[PDB]
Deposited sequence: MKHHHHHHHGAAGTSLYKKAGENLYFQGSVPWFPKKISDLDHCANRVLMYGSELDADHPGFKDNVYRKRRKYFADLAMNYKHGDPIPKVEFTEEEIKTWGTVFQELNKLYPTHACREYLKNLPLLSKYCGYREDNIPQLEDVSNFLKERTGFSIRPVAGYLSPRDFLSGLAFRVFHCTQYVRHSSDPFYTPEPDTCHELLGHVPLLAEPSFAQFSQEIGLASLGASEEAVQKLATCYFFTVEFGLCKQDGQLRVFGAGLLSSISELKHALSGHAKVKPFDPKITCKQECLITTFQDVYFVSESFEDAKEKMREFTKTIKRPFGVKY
């Protein structure tokens, strides 16, 4: 039989909450950071569709961490990011307050995206099942972290944080072709088999999180996981990295690495082409 799936955007209230630092977390021994993280998780747990996303007063330390990462990544984007990223990034600086000394609010970003592509943000406490996470995309909802990485290492995070969301994900959700591509991953997942959902999540991971694209003959980055990580952003376009064409039947067999660089990156020819390839693929699963 078919598992429950959301039929309208407010139904995400029933799965957005179906989500403690792991031993190796840089804030693992810090009580104050631990408290701040509980503060953020509660905001997400108490959020209901229709609410304005609670605005957060970020600490001076949190803003410095953002500024440090932001400054270095922006040096690299012109020569590393795909053109769609570069086109949208300045609109966000203008309308959502992206600055070295200011962390943008998820509510302003959500309002900006609703205008551009109908995408919206939902604060999320932590990891959801792939079924639940992808189901949000069906309604152009991106489940998004609101907390900031620990200040001890601004250049590394073992998990998505809001720097990753804002710098890695948001500029492409503002792009119509990318937004369509993403939504169709969500739509395909609704009520799909467990196997199909895992395959869709892996395709998502190697496009939305770690995808490369070819533009005017050059390899560029569009994956959010690359766009928010200085070392892997550089590595991915280095001579050494193993690169293959995006092909869902093959890509979906690849393991998704969390604690290390990826072993392989997949190149999409364009968002339109990736979208077409997923359409062909979803027919088979």
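Residues of the deposited sequence missing from the coordinate set occupy positions 1-28, 48-52, 319-326.
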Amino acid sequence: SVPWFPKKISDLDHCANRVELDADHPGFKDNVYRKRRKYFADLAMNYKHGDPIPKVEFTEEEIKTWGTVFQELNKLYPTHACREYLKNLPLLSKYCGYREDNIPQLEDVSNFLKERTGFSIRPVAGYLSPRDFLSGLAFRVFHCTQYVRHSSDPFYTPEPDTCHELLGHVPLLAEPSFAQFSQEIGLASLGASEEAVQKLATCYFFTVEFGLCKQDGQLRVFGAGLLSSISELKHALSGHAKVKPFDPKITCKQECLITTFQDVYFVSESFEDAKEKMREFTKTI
From here on, numbers count along this sequence of modelled residues.
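Heads up, when I say rigid core I mean the largest set of C-alphas that superpose within 1.5 Å between the two forms.
In 6 other deposited structures of this protein, superposed by the rigid core, the C-alpha atoms of 152-160 lie farther from the shown form than the other of 152-160 and 109-117. With 233-241 and 46-54 as candidates, the stretch whose CA atoms show the greater average offset from this form in 6 other deposited structures of this protein after a core fit is 233-241. Checked against the other entries of this protein, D263 counts as resolved in every one of those spanning it, not missing from a third of them. In the comparison with other entries of the same protein, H25 is left without coordinates in at least one third of those covering both sides of it. Here the stretch with the larger average CA B-factor, out of 178-186 and 122-130, is 122-130. In this entry, 256-264 has the higher mean Cα B-factor, the comparison being between 221-229 and 256-264. Set against one another, the Cα B-factors of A241, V56, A41, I53 in the record reach their highest point at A241.
Highest CA B-factor among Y85, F206, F155, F139, as stated in the entry: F155. Annotation for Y147: C-alpha temperature factor in the middle third relative to the rest of the modelled chain, per the entry. When all modelled residues of the chain are sorted by CA temperature factor, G191 is found within the middle third. In this PDB entry, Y77 carries a Cα temperature factor that places it within the lowest third of its chain's modelled residues. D22 sits in the highest third of its chain by CA B factor, as recorded in the PDB entry.
Annotation for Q198: C-alpha temperature factor in the middle third relative to the rest of the modelled chain, per the entry.
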